[PDB]
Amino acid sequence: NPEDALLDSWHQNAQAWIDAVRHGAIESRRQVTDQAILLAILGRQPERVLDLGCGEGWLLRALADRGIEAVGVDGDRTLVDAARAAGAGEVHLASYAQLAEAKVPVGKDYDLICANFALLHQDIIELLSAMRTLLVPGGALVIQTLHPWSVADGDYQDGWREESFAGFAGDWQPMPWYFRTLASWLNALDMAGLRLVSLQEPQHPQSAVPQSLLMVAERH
């Protein structure tokens, strides 16, 4: 099951990930994407935010620093533990499969749910539908993801791929991930009962290609 292999790669890569993210090894993040998601969230003035696939918690901390109550959830223990050791906030351990079935309590009545480069699997509709249920009326899901066109690599078609982490400092195990087209993302949002209200393509002033695709979708 490539979805189980995906989460398993995170268990193997968690430490390398903490080091990369915190030490500032990922140029796209510090130059464009961290700010892009932060500004998209702050723009909605949420009071309660759930960070889905929060990893080691950099976004939980950035939101706490601005007075926002942020709750995190992630499926990897090393990342969850690191997020908790780095801050005062609530971080839950849960897999997406558990969340899709509402099997793990992670709070509810969220103004906003964010997923920052955290939805890399194939069957995401049930998870997204589960997240909708956790939103207050008029709440929003904010997703930042790899830009489909920038990472198409000559094959613009939905399908499994493998990331070797060749450019990253540290030692990594390959990660299987599901590539999806723009149309496929928007279909998923729609099938999950979410309406796209904003689409941005964050891009550094000196870059020729966008660094990510950032979408905001509302409950209804």
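When you see a residue number, it is the position in the sequence shown, counting from 1.
Between 184-192 and 24-32, the higher mean Cα B-factor belongs to 24-32. For the pair 50-58 and 166-174, the record assigns the higher mean C-alpha temperature factor to 166-174.
Ranked by Cα temperature factor within the chain, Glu90 sits in the highest third according to the deposited record. Annotation for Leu6: C-alpha temperature factor in the highest third relative to the rest of the modelled chain, per the entry.
In the PDB entry, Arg84 places in the middle third of its chain by CA B-factor. In the PDB entry, a CA B factor belonging to the highest third of its chain's modelled residues is recorded for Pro137.
Annotation for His121: CA B-factor lies in the highest third of the chain's modelled residues.
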